[PDB]
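Student: Could you have a look at this structure, given as structure tokens, before my questions?
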Amino acid sequence: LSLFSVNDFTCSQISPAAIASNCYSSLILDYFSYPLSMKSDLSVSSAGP
Amino acid sequence: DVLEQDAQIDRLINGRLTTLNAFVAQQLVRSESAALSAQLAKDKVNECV
């Protein structure tokens, strides 16, 4: 979070404090090139193209 | 998160109490059957033994 300014921070079905407090079996980080303007198009569930 | 956890606790409490209500109802039916069987047992002892 310090390295990259976070334009939007959203966590679904989980709490950020909880993930830090409890060890998780695996961590997945996905790298994608996405425009800042289309916030609505990208979501866990959305009709955006 | 605590707010979501409280909602999860609510439904769990509702399910547990309904299951307990069914268990208590079965015990009440068993006690009524026991009273009838005990009356039969007393009559059987006097009539046959």
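Chains B and C are the protein sequences, given in the same order.
Just so we're on the same page, PDB author numbering is the position in the first sequence counted from 1, plus 414.
Just so we're on the same page, PDB author numbering is the position in the second sequence counted from 1, plus 1058.
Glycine included, every Cβ here is placed at the ideal spot set by N, Cα and C.
To the nearest angstrom, how far is it from the Cα of residue 363 of chain B to the Cα of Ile428 of chain B?
Tutor: Outside the shown range of chain B, which is 415 to 463, sits residue 363 of chain B, and nothing can be said about it.
Student: At what residues does the alpha helix (DSSP H) containing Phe423 of chain B begin and finish?
Tutor: Unbroken run through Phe423 of chain B: none, as it is neither H nor E.
Student: Looking at the structure shown, is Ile442 of chain B part of a helix, part of a strand, or coil, going by DSSP?
Tutor: Residue state, collapsed to three classes: coil.
Student: Quick one: what does DSSP say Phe418 of chain B is sitting in, helix, strand or coil?
Tutor: It is coil, neither helix nor strand.
Student: Which residue from B:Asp422, B:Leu417, B:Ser416 puts its Cα closest to that of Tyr448 of chain B?
Tutor: Considering only alpha carbons, the answer is B:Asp422.
Student: Under the three-state reduction of DSSP, which class applies to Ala1083 of chain C: helix, strand or coil?
Tutor: It is helical.
Student: Quick one: grab the DSSP three-state call for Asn436 of chain B.
Tutor: Residue state, collapsed to three classes: coil.
Student: Tell me which same chain residues have a C-beta within less than 8 Å of the C-beta of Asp455 of chain B, skipping the five on either side of it?
Tutor: Cβ neighbours of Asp455 of chain B beyond the five flanking positions: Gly462, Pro463.
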